[PDB]
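>
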Amino acid sequence: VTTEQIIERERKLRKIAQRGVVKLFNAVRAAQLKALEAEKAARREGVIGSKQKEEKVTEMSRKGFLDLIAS
Amino acid sequence: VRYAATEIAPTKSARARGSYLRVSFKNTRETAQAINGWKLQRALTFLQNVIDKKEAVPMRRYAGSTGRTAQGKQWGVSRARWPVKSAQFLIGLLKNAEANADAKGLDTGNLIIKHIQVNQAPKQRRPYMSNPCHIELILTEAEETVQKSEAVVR
Amino acid sequence: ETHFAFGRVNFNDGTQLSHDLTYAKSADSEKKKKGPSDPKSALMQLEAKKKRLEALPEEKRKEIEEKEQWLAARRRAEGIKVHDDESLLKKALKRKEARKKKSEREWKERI
Amino acid sequence: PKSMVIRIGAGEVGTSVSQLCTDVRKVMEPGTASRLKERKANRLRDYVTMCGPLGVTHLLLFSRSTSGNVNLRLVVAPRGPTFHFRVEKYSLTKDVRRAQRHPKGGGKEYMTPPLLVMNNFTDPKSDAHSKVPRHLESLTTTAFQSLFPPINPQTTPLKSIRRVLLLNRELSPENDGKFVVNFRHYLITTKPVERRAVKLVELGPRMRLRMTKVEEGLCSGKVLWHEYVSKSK
RNA sequence: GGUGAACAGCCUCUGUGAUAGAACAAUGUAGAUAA
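Chains as they are written, first to last, in the entry's author numbering: chain Ch, 270 to 340; chain LP, 2 to 127, 138 to 165; chain Cf, 403 to 513; chain Cg, 32 to 224, 320 to 359.
So this is what it looks like as structure tokens:
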């Protein structure tokens with residue numbers, strides 16, 4: 270009797286691991302895709318060809334985009 | 002009379018200089034010869050890989066027997082090392098010339114390093140002597156060729 | 403509910419975020435997280451900690467040792483090496499001037 | 032971020048948990064020595080001396096008592112904390128394959144290091160002076176966080192990440208005033224419905335582990351936390 | 001009030017010592033001690 274309820278408790282947080290995978294999959298993906306739209310924003314902004322400037326702001330944008338979806 | 006090869010136009014060029022750099026002259030000369038005549042993006046990846054101990058710099062003229070790795074198969078030289086400070090000074094000089102080219106309105110994805118040159122800086126007067144160096148470098152766009160019209164008979 | 407902590411995430415400069423993916427810490431701040439490197443300087447750090455441990459009452463002493471052992475355990479969990487065993491410190495201090503004395507014999511012979 | 036899982040009970044651990052040791056090995060690839068021959072010789076001094084030269088950062092150890100009771104010893108190398116576990120219930124990766132209607136054999140999915148998720152670890156109410164305090168859940172979370180390589184939002188392709196490992200604390204049942212974890216492993220199967323759904327195929331093994339203790343060093347040092355025995359000050 | 005639960009933070013002045021990362025804190029080895 271006790272055995273076969275476990276499978277629908279097993280399936281129950283089977284689905285929890287799905288939600289965690291779903292969470293990180295789009296949290297990373299929205300971190301890249303919004304940064305690329307922020308990447309072309311610098312090409313239309315006027316940053317003077319300086320790799321340190323278009324990497325720090327490029328990185329700092331990625332920090333915000335991952336933080337916004339998670340919280 | 003003879004005419005020397007004229008300079009490529011300054012508005013197609015980009016210059017950068019580094020003077021009195023506290024970095025070894027023998028090492029920087031060997032590092033600059035590795036990337037002479039490369040693409041800009043090719044050089045920035047190579048010099049960053051030297052920083053991360055991934056790809057080695059061959060030693061040809063000021064060559065010391067230090068390491069014999071398989072990474073020298075891509076150069077044909079059996080002596081190799083990892084100049085870290087020489088890569089860092091040359092990276093900041095190449096990034097400076099990339100910013101200069103963008104101020105002058107040049108295509109970022111098509112600069113080549115046609116000129117790199119390492120001289121010697123004055124010695125730092127302390138029995139032990141340091142060997143600093145001067146570095147200058149010039150980037151230009153790749154030479155663009157256009158089509159000729161068909162000649163007209165008249 | 404859940405909280406869903408995940409694995410380590412880094413971006414380009416060593417800034418690890420968190421388990422909660424809420425805040426962040428700097429890799430430069432992670433460099434003060436690491437301790438001293440010189441073996442002599444490690445000895446005066448443990449000696450000064452012991453000396454400041456002595457000028458203390460018994461009740462506070464246990465809370466010092468309880469949180470310091472768990473700190474060093476947490477410190478070494480991330481990857482920062484915690485050199486806090488005294489007997490290893492003078493062992494490392496013994497072999498360092500062993501290298502100094504060996505090199506002194508060779509270079510005096512060279513002169 | 033490498034590791035080495037070892038049957039520390041030599042070869043006398045038995046065939047049941049010898050297969051289990053290969054299961055948690057073949058899960059934890061590629062940062063593990065798949066060709067590791069755990070001989071009936073050797074002891075802790077032999078593995079932790081070599082581990083620095085081989086660049087091994089964590090060690091998961093498997094020991095069986097005289098009572099047949101199985102324990103898992105997770106220790107940060109080379110003098111770090113050891114995380115003593117107790118195996119309550121278990122099932123081999125083969126056993127998951129029999130119950131599954133369509134097992135999925137290993138393809139390219141077992142060469143990429145997986146995704147670690149944590150559930151119900153730390154935070155909920157606890158207490159600074161609880162039975163299982165907040166300053167212990169933090170140590171356990173950084174233990175398994177450091178056990179895997181970092182994921183980078185910029186460079187790591189999402190096509191690469193194809194496995195997920197579930198570890199959840201059982202604070203769901205009120206009779207668990209103690210640290211009990213459930214370890215499962217899943218294969219990320221992406222179906223584009320762009321809308322894409324992720325479905326997880328189970329792989330195993332299925333661990334029900336309970337913290338017995340935590341010690342400062344390699345099977346030595348002062349025990350920081352015991353569930354059963356509380357040492358007086 | 002002046003680190004003492006801490007997925008924290010560790011400021012400034014001050015003249016005795018130390019190249020740094022990896023190598024378990026190289027690995028360790030032997031002999032002694034009215035402990």
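All residues carry an ideal CB built from backbone N, CA and C; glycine is no exception.
Contact between the region 192-208 of chain Cg and the region 137-146 of chain Cg: three or more CB pairs below 8 Å?
The region 192-208 of chain Cg is in contact with the region 137-146 of chain Cg.
> My output table needs one value for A33 of chain LP: the three-state DSSP class, helix, strand or coil.
Looking at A33 of chain LP - three-state DSSP - the assignment turns out to be helix.
> Name, going along the chain, the residues of the region 103-118 of chain Cg whose beta-carbon falls closer than 8 Å to a beta-carbon of chain Cf.
The region 103-118 of chain Cg vs chain Cf, Cβ under 8 Å: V107, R110, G111 and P112.
> Using the C-alpha atoms, what's the distance from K503 of chain Cf back to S420 of chain Cf?
Going from the Cα of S420 of chain Cf to the Cα of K503 of chain Cf covers about 47 Å.
> So does the region 152-159 of chain LP actually touch the region 403-418 of chain Cf, counting three or more Cβ pairs closer than 8 Å?
Not touching, per the Cβ criterion.
> May I have the straight-line CA-CA distance separating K120 of chain Cg from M333 of chain Cg, to the nearest angstrom?
Whole-angstrom Cα-Cα distance: 6 Å.
> Within the 8 Å Cβ cut-off, does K40 of chain LP reach chain Ch?
Chain Ch, which has no Cβ nearer than 8 Å to the Cβ of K40 of chain LP, makes this no.
> Any C-beta of chain Ch within less than 9 Å: which residues of the region 413-441 of chain Cf qualify?
The region 413-441 of chain Cf vs chain Ch, Cβ under 9 Å: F413, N414, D415, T417, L419, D422, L423, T424, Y425 and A426.
> Do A426 of chain Cf and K332 of chain Ch have their C-beta atoms closer together than 8 Å?
Against a cut-off of 8 Å, the Cβ pair of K332 of chain Ch and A426 of chain Cf comes out as a contact.
> Could you run through the region 453-465 of chain Cf and flag, in chain order, every residue whose CB is less than 7 Å away from some CB of chain Cg?
Within the region 453-465 of chain Cf, the qualifying residues are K464.
> So the alpha helix (DSSP H) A130 of chain Cg belongs to, where does it begin and stop?
Its alpha helix (DSSP H) spans residues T124 to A130.
> Going by DSSP in three states, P441 of chain Cf sits in which element: helix, strand or coil?
It is helical.
> Looking at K124 of chain LP: is its Cβ nearer than 8 Å to the Cβ of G38 of chain LP?
Result no, Cβ atoms of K124 of chain LP and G38 of chain LP do not sit closer than 8 Å.
> Give a yes or no on whether the C-beta atoms belonging to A98 of chain LP and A33 of chain LP are separated by under 8 Å.
No, these two residues do not count as a Cβ contact at 8 Å.
> Using CA atoms only, rank isn't needed, just tell me which of LP:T70, LP:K74 and LP:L91 is closest to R82 of chain LP.
Considering only alpha carbons, the answer is LP:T70.
> Using the three-state DSSP reduction, which class does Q50 of chain Cg fall into: helix, strand or coil?
Three-state DSSP puts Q50 of chain Cg in a helix.
> For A407 of chain Cf, which residues in chain Cg fall below 7 Å Cβ to Cβ?
Neighbours of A407 of chain Cf on chain Cg, chain order: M149, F152 and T172.
> Kindly list, in the order they appear in chain LP, the residues whose Cβ is closer than 7 Å to that of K320 of chain Ch.
Going along chain LP in sequence order, the residues near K320 of chain Ch (Cβ under 7 Å) are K96 and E99.
> Residues of chain Ch with CB closer than 9 Å to the CB of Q185 of chain Cg, please, in chain order.
Neighbours of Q185 of chain Cg on chain Ch, chain order: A300, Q301, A304, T327, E328 and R331.
> Is it the case that the region 306-323 of chain Ch contacts the region 328-345 of chain Cg, given that we only count it when at least three CB pairs across the two stretches are under 8 Å?
The region 328-345 of chain Cg vs the region 306-323 of chain Ch: no contact.
> Can you list, in chain order, the residues of its chain with a C-beta nearer than 7 Å to that of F334 of chain Ch? Leave out the 5 residues immediately preceding and following it.
Answer for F334 of chain Ch: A299, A300, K303 and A304, listed in chain order.
> What are the residues that DSSP puts in a beta bridge with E152 of chain LP?
Note: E152 of chain LP sits in a beta bridge opposite LP:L112.
> Short of 6 Å in beta carbon distance, which residues of its chain neighbour residue 129 of chain LP, apart from the five on each side in sequence? Order them along the chain.
Position 127 is followed directly by 138 in chain LP, which means residue 129 of chain LP is not present among the coordinates.
> Could you confirm whether any beta carbon from chain Cf is found closer than 8 Å to the beta carbon of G315 of chain Ch?
By this cut-off, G315 of chain Ch is not an interface position.
> For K159 of chain LP, name the three-state secondary structure that DSSP assigns.
Coil.
> Quick check on DSSP: helix, strand or coil for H352 of chain Cg?
It is a strand residue.
> Looking at the structure shown, is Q125 of chain LP part of a helix, part of a strand, or coil, going by DSSP?
Coil.
> Can you find the residues in the same chain that come closer than 8 Å, C-beta to C-beta, to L45 of chain LP, ignoring five residues on each side of it along the sequence?
Taken in chain order, the residues that qualify are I92, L95 and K96.
> Can you confirm whether the region 323-337 of chain Cg touches the region 201-216 of chain Cg when touching is taken to mean that 3 or more C-beta pairs between the two stretches lie within less than 8 Å?
They touch, by the three-pair rule.
> Would you kindly work out how many angstroms separate the C-alpha atoms of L293 of chain Ch and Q118 of chain LP, rounded to a whole number?
The straight-line gap from Cα to Cα measures roughly 49 Å.
> Provide the residue span of the alpha helix (DSSP H) that contains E277 of chain Ch, from first to last.
Segment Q274 to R312, the alpha helix (DSSP H) holding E277 of chain Ch.
> If you scan the region 154-216 of chain Cg from start to end, which runs of the beta strand (DSSP E) of 3 or more residues do you find wholly inside it?
Runs found: 194-200.
> Using only the alpha-carbon positions, how far apart do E403 of chain Cf and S203 of chain Cg sit?
Going by the C-alpha atoms only, they are around 10 Å apart.
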